[PDB]
>>> print(open('upload-v1.csv').read())   # CSV, N, CA and C atoms
chain,number,residue,atom,x,y,z
U,1,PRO,N,52.9,0.8,24.6
U,1,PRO,CA,53.1,0.4,23.2
U,1,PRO,C,54.4,1.1,22.7
U,2,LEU,N,54.6,0.9,21.4
U,2,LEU,CA,55.8,1.6,20.7
U,2,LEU,C,55.7,3.1,20.7
U,3,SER,N,54.4,3.6,20.8
U,3,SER,CA,54.2,5.0,20.8
U,3,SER,C,55.1,5.7,21.8
U,4,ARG,N,55.1,5.2,23.0
U,4,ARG,CA,55.9,5.8,24.1
U,4,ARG,C,57.2,5.1,24.2
U,5,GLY,N,57.3,3.9,23.6
U,5,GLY,CA,58.5,3.1,23.6
U,5,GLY,C,59.6,3.5,22.6
U,6,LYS,N,59.1,4.4,21.6
U,6,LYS,CA,60.0,4.8,20.6
U,6,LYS,C,61.2,5.6,21.1
U,7,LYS,N,61.2,5.8,22.4
U,7,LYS,CA,62.3,6.5,23.1
U,7,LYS,C,63.6,5.9,22.7
U,8,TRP,N,63.6,4.7,22.2
U,8,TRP,CA,64.9,4.0,21.8
U,8,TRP,C,65.1,4.3,20.3
U,9,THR,N,64.0,4.5,19.5
U,9,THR,CA,64.1,4.7,18.1
U,9,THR,C,64.4,6.2,17.8
U,10,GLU,N,64.3,7.0,18.9
U,10,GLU,CA,64.6,8.4,18.7
U,10,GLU,C,66.2,8.7,18.6
U,11,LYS,N,66.8,7.8,17.8
U,11,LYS,CA,68.2,7.9,17.6
U,11,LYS,C,68.6,7.8,16.1
U,12,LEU,N,68.0,6.8,15.5
U,12,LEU,CA,68.2,6.5,14.1
U,12,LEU,C,67.5,7.5,13.2
U,13,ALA,N,66.3,7.9,13.6
U,13,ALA,CA,65.5,8.8,12.9
U,13,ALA,C,65.8,10.3,13.3
U,14,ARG,N,66.6,10.5,14.4
U,14,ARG,CA,67.0,11.8,14.8
U,14,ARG,C,68.3,12.2,14.2
U,15,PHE,N,69.2,11.2,14.2
U,15,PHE,CA,70.6,11.5,13.7
U,15,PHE,C,70.6,11.4,12.2
U,16,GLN,N,69.7,10.6,11.6
U,16,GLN,CA,69.6,10.4,10.2
U,16,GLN,C,69.2,11.7,9.5
U,17,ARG,N,68.7,12.7,10.2
U,17,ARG,CA,68.3,14.0,9.7
U,17,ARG,C,69.6,14.8,9.4
U,18,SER,N,70.7,14.5,10.1
U,18,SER,CA,71.9,15.2,10.0
U,18,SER,C,72.5,15.1,8.5
U,19,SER,N,71.9,14.1,7.8
U,19,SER,CA,72.3,13.9,6.4
U,19,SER,C,72.0,15.1,5.5
U,20,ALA,N,71.2,16.0,6.1
U,20,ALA,CA,70.8,17.2,5.3
U,20,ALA,C,71.7,18.4,5.7
U,21,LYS,N,72.3,18.3,6.9
U,21,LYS,CA,73.1,19.4,7.4
U,21,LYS,C,74.6,19.1,7.1
U,22,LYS,N,74.9,17.8,6.8
U,22,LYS,CA,76.2,17.4,6.4
U,22,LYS,C,76.6,17.9,5.1
U,23,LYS,N,75.6,18.4,4.3
U,23,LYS,CA,75.9,18.9,3.0
U,23,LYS,C,76.7,20.2,3.0
U,24,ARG,N,76.9,20.8,4.2
U,24,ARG,CA,77.7,22.0,4.4
U,24,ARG,C,77.3,23.0,3.4
>>> encode(input="upload-v1.csv", output="structure tokens")
Amino acid sequence: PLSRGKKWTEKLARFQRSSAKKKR
């Protein structure tokens, strides 16, 4: 299922977090 298939989604939700570190 998507549970273990999220391996592909682990990019938009992982890099989207950088929006908090980009605040410098």
>>> select_by_dssp(input="upload-v1.csv", residues="chain U", states="alpha helix (DSSP H)", output="list in words")
residues 2, 3, 4, 5, 12, 13, 14 and 15 of chain U
>>> atom_distance(input="upload-v1.csv", atom1="atom CA of residue 16 of chain U", atom2="atom CA of residue 1 of chain U")
23.3 Å
>>> atom_distance(input="upload-v1.csv", atom1="atom CA of residue 4 of chain U", atom2="atom N of residue 21 of chain U")
26.9 Å
>>> atom_distance(input="upload-v1.csv", atom1="atom C of residue 10 of chain U", atom2="atom N of residue 22 of chain U")
17.3 Å
>>> decode(input="upload-v1.csv", residues="chain U", atoms="C-alpha atoms", output="PDB file, in the first residue's frame")
ATOM      1  CA  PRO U   1       0.000   0.000   0.000  1.00  0.00           C
ATOM      2  CA  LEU U   2       0.883   3.699   0.102  1.00  0.00           C
ATOM      3  CA  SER U   3       2.136   3.150   3.651  1.00  0.00           C
ATOM      4  CA  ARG U   4       5.387   1.662   2.354  1.00  0.00           C
ATOM      5  CA  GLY U   5       4.989   3.222  -1.080  1.00  0.00           C
ATOM      6  CA  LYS U   6       5.256   6.754   0.287  1.00  0.00           C
ATOM      7  CA  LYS U   7       8.956   6.292  -0.471  1.00  0.00           C
ATOM      8  CA  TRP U   8       8.205   8.564  -3.428  1.00  0.00           C
ATOM      9  CA  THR U   9       6.241  11.106  -1.391  1.00  0.00           C
ATOM     10  CA  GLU U  10       9.183  11.452   0.995  1.00  0.00           C
ATOM     11  CA  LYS U  11      10.362  14.401  -1.099  1.00  0.00           C
ATOM     12  CA  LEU U  12       7.593  17.007  -1.193  1.00  0.00           C
ATOM     13  CA  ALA U  13       6.837  16.645   2.516  1.00  0.00           C
ATOM     14  CA  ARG U  14      10.523  16.372   3.412  1.00  0.00           C
ATOM     15  CA  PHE U  15      11.800  19.367   1.445  1.00  0.00           C
ATOM     16  CA  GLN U  16       8.700  21.429   2.228  1.00  0.00           C
ATOM     17  CA  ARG U  17       9.954  21.561   5.816  1.00  0.00           C
ATOM     18  CA  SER U  18      12.930  23.626   4.655  1.00  0.00           C
ATOM     19  CA  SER U  19      10.482  26.529   4.448  1.00  0.00           C
ATOM     20  CA  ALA U  20      11.089  26.931   8.181  1.00  0.00           C
ATOM     21  CA  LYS U  21      14.885  26.917   7.935  1.00  0.00           C
ATOM     22  CA  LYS U  22      14.910  29.263   4.942  1.00  0.00           C
ATOM     23  CA  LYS U  23      13.792  32.020   7.313  1.00  0.00           C
ATOM     24  CA  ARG U  24      17.462  32.362   8.253  1.00  0.00           C
TER      25      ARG U  24
END
